[PDB]
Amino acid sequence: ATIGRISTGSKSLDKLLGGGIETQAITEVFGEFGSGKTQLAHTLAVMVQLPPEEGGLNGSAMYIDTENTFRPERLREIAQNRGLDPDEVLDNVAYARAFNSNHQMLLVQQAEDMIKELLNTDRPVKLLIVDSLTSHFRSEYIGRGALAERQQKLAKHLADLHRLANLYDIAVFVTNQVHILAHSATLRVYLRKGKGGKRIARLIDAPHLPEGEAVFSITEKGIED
């Protein structure tokens, strides 16, 4: 099945990504607080709803929040400033708070129910966001021997997410706070602050995409160049 691409709002970042965030893939962004990772998540939750000539997939979004980062009024602002109705856009982002890592796993199973329900409608789910994907796992699995257990549980969670991406042709977008641990996202992107309020993006361990860094801004439209 054809891979779909969701624009980030930034031509620069889209170019680095090969056209946008991909369906049938998990894209992980990681960086410090304020590096742009959560702003990008909010922007994508709007962009996915646009028709494809505007960089979207005529879809809806689901957002799993682990550390209370979701801001409905930020979605509304981004929508309004892109010419969209803020309430309709907000209504197309299904939201759930994950209370702990086990609940987070259950939420992925519930996400599948909604994805199945909407799959063949005029507005299928096309984006699943997990913000700070590792936060509960790092809180709960800690101490002697916790590395193997935590990594096994994360690997399983990520396998579940890969399955949804592949089976239902959706983009999975995950964020993490910031060197020898294994990772299993399809594509990893490091974000950092740069000069002039810009953020800088770099692909990590991706020899299949060309060399470079993207530069973008955080604005009233979410993310843009």
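A residue's number is simply how far along the shown sequence it sits, counting from 1.
According to the entry, the deposited sequence places 4 to 9 unmodelled residues between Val178 and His179. Between 157-165 and 194-202, it is 194-202 that carries the larger average Cα temperature factor according to the deposited entry. Checked against the record, the higher mean CA B factor of 216-224 and 4-12 lies with 216-224. Highest CA B-factor among the listed residues (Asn102, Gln152, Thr121, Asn92): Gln152. The PDB entry gives the largest Cα B-factor of the residues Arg74, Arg144, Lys116, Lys126 to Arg74. In this PDB entry, the Cα temperature factor of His42 sits in the bottom third of its chain's modelled residues, the lowest group. Among all modelled residues in this chain, the alpha-carbon of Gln49 has a temperature factor (C-alpha) in the lowest third. Annotation for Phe33: CA B-factor lies in the highest third of the chain's modelled residues.
Ranked by Cα temperature factor within the chain, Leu17 sits in the middle third according to the deposited record. When the modelled residues of the chain are ordered by their C-alpha B factor, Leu107 lands in the lowest third.
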